[PDB]
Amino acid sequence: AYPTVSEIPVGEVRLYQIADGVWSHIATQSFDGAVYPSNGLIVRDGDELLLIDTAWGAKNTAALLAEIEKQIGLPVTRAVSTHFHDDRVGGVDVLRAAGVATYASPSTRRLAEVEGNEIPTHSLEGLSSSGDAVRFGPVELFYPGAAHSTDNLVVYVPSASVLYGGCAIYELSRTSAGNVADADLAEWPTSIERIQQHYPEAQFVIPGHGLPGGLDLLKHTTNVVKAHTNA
């Protein structure tokens, strides 16, 4: 049932409904020779939608907003980018131009500016230290510590017990480290432990790229990360 990378042409966006008012969005993009799927989240808050991460690029994010109008019919009023790389902020400008208020932590906004990437407008307060969590409309934002990047956020949707890991959580099919130039490999297993200790009742865990699972994706990610570190 969950759409897979070979099912989504670059430029099209799938929505997958996880629970009442909780969707993931799935798109695909070419990077360094290969085509990757990429996940974010849509969470209904009454008559508005919160968006978690772009669809990775201006074209995909415009297709995202178009799919939301067709399939859901509620406006996206706020977006959160979970770290500073292009599959999370790429398309912020399309969101801004459509009227979406775009958010990220101060660190993410600074890392995005330094790297040349699109920059969310608004700063998220309360997320500076590992273990910090804040409610943001219908979701909980959690800063687990440095992992895939130093700034990466994870997101929990209480109504549905959905944990979105972003690029800090790998899918089961991913058995090698996914480009770790900006990662903190010594801290990543500890940051994952913080996630486990905070959301032990998670039912549905979504990696940044690929198929959702359970909390077994956290242990898998630690294994992949430690395996890369020892050799």
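All residue numbers refer to positions in the sequence shown, first residue = 1.
In this entry, 181-189 has the higher mean Cα B-factor, the comparison being between 38-46 and 181-189. Higher mean CA temperature factor between 222-230 and 4-12: 222-230, per the PDB entry. Per the deposited record, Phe31 carries the highest C-alpha B-factor of all listed residues (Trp56, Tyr170, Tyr164, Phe31).
Within the listed group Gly116, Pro120, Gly91, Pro75, the record reports its top CA B-factor for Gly116. Among the modelled residues of its chain, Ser107 has a C-alpha B-factor that falls in the middle third according to the deposited record. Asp87: CA B factor lies in the middle third for its chain, per the PDB record. For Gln197, the recorded CA temperature factor ranks within the highest third of the chain's modelled residues. Ranked against the other modelled residues of its chain, the C-alpha B-factor of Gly99 as given in the entry falls in the highest third. Looking at the C-alpha B-factors along this chain, the one for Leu211 belongs to the lowest third.
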